[PDB]
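> give the three-dimensional model of this entry:
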Amino acid sequence: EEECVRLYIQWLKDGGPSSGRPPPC
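Numbers count the residues shown, from 1 in each chain. The relevant structure is shown in the block below.
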């Protein structure tokens, strides 16, 4: 049950730090 995390972990799935992006949360 997350809102920010969900968006975040999306990032975290992509690669986190290593996705090119920084975290949305």
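
> switch to C-alpha atoms for all contacts and neighbour counts from now on
OK.

> would you agree residue 4 is in contact with residue 23?
No. Residue 4 is beyond contact range of residue 23, at 9.9 Å (criterion: CA atoms under 8 Å).

> distance check, the closest residue to residue 5 other than its chain neighbours against residue 1.
Spatial nearest neighbour of residue 5, chain neighbours left out: residue 25 (6.7 Å); criterion: CA to CA, 6 or more residues apart in numbering. Applying CA to CA, to the nearest Å, the value for residue 25 to residue 1 is 15 Å.

> again with residue 24
Taken as CA to CA, the span from residue 24 to residue 1 is 17 Å.

> give the buried residues for the host helix or strand of residue 5.
Using DSSP states H and E, residue 5 maps to helix 4-14. For helix 4-14, burial by neighbour count (16 or more other CA atoms under 10 Å) applies to 8-9, 11-12.

> so what touches that helix?
Here helix 4-14 makes contact (CA atoms under 8 Å, 6 or more residues apart in numbering) with 16, 19, 21-25.

> report the two of those separated the most.
Within the contacts of helix 4-14, 19 and 25 form the most distant pair, 14.4 Å apart (CA to CA).

> re earlier: which one of residue 24 and residue 1 is surrounded by more residues?
Legend: neighbour count by other CA atoms under 10 Å for residue 24 and residue 1, higher for residue 24 (14 against 5).

> not counting residues beside it along the chain, what's closest to the more buried one?
Leaving aside its sequence neighbours, residue 24 sits nearest to residue 8 (CA to CA, 6+ apart; 5.1 Å).

> contacting residues for the residue nearest to residue 5?
Counted by CA under 8 Å, 6+ apart, residue 25 has contacts 4-5, 7-8.
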